[PDB]
Amino acid sequence: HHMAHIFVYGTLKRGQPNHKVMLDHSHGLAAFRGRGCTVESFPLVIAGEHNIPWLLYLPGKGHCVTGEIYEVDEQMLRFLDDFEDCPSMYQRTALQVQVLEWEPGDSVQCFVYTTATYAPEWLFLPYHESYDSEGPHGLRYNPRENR
């Protein structure tokens, strides 16, 4: 079957708190392909009570956002849609990604979880080039069922 390229910038990245879900074969297949940055700039904010990273769908604002390129199967793609609570919390959007390292040419089209349903005040939060839950912003990810 065909596969699909995705680009992850947040908790799904290697070394980030939700990476395990991509390594769990009960969800399908995800193969690491390399590192990239969005060709278009977008705001990346760490926001809400869970300190979740959100790539806001405001093309041309903020910065090119760095992340990782994976090739995934359809099962994994649908799992990630459910994981990200699409289309309410995030909407899956196809974006051009400049390839910085490859394990394809200069860029690759990838699905990315963006959001148009952010809280409006999140526009005033810092806009990140990259996400690290343990970064100096001091806002560590906490899991969804925490109150």
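Residues numbered from 1 in each chain as written, not as in the entry; some residues may be left out. Heavy atoms only, no water. Residues with missing side-chain atoms left out of burial classes, pairs and counts.

- Structure determination for the deposited model, as stated in its record, used X-ray crystallography, and the stated resolution is 1.90 Å.

**A look at the state of the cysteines**
Item 1. Inspection of the entire model under this criterion finds one disulfide.
Item 2. Each sulfur in the disulfide pair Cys-37 and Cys-64 lies 2.1 Å from the other. Its S-S torsion of about 90° marks the bond between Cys-37 and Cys-64 as right-handed, since a negative value means left-handed. A residue pair is termed long-range when its members are at least 10 positions apart, and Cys-37 in strand β2 (residues 30–38) and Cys-64 in the loop between β4 (52–56) and β5 (66–72) qualify at 27 residues.
Item 3. For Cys-37, a relative accessible area of 4% translates into the label buried.
Item 4. In this structure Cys-64 comes out as partly exposed when scored by relative accessible area, which is 33%.
Item 5. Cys-86 forms no disulfide, and the closest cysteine sulfur to it belongs to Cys-110, at a distance of 16 Å.
Item 6. Residue classification places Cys-86 among the partly exposed positions, given a relative accessible area of 23%. (Disulfide = S-S within 2.5 Å. Helix = DSSP H or I, 4+ residues; strand = E, 2+ residues; numbered from the N terminus. Buried < 20%, exposed > 50% of the residue type's maximum accessible area, 1.4 Å probe, protein only.)

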